[PDB]
Every structure is written in C-alpha cells, then in structure tokens.
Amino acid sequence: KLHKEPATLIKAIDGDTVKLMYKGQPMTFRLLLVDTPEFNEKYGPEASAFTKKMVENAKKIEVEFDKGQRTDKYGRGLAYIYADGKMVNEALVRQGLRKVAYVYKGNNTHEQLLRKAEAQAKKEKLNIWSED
C-alpha cells in the first residue's frame, strides 16, 4: 500500500536525519527502523558521511511513508528515503552502520527487508558487528 513521493534535499544532518522540501514545505525526516546500539555510539561520523554522500549525489530523492504514524514526538517525519531508487535506510543497515530498530506505531512494512540486510552485515562482521 506504500508509495514513493517526490522530495528535494535541503541539508543532510546526520546518519539518520535529513532536511527535505516535501510538497512545498521544509521538514526534517528521521529514517524509519534504523538506530544505533546503546554504548556503541561510534560510527556516528561514518554514518553521517555515508548518508550525506548518498543524498547529496542523488538526482532524485523520494519519501515513502509507512502505514503507521507519520511523525514522531519530536515532530520529525518518519519515512523510508530513496536516493535514485536505493533505500538509504537499507544501505545503512547493510553496511553495519545502523541496527534495525524496534517498530514505532505500526511502521513495519520493510522490517523484514531490513532484518535481511542486518543478517548479512552481521555475517560479514561489519562495523557495529565487528566485536561479536
């Protein structure tokens, strides 16, 4: 039931937040279903540079809201973000720069897709998975 909508980069903020123009208005988006291990908060800069590269170099940015709540308690839009068709959320997890997060308010459409990416980063012992 999900659909991709057009958006335009304003600023890459960090690993999992980007400011976009969406339907004429600037808003901050938090990437769905990705977060950082408690007390392995490194890879912060690496995750920021990775997301920054990905969005800044994209011809096309798309927002895809899930079926649950569209904004978090901080007022950030909650979405899957695509750079020239490649999902940023998935790429961060695939690189071992983020783990899959707990589901927030019904936003679980790509949870198994992201779990598959995470399994492979873990098998390869990448970044957050380097210590066992």
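Heads up: residue numbers just count along the shown sequence, starting at 1.
Check: Do the C-alpha atoms of 52 to 60 or of 33 to 41 have the higher average B factor in the entry?
Finding: On average, C-alpha B-factors are higher across 33 to 41.
Check: Between 115 to 123 and 12 to 20, which has the higher average C-alpha B-factor in the PDB entry?
Finding: Looking at the record's C-alpha B-factors, the answer is 115 to 123.
Notebook entry, point to check: Which one of 91, 47, 83, 103 shows the top CA temperature factor in the record?
Noted result: By C-alpha B-factor in the record, 103 ranks first.
Next item on the list: Report the third (lowest, middle or highest) to which the CA temperature factor of residue 73 belongs, ranking only the modelled residues of the same chain.
Entry: Its C-alpha B-factor, which the entry lists for residue 73, ranks in the highest third among residues of this chain.
Checklist line | Third of chain Cα B-factors occupied by residue 7 | finding: Lowest third of the chain for residue 7's C-alpha B-factor.
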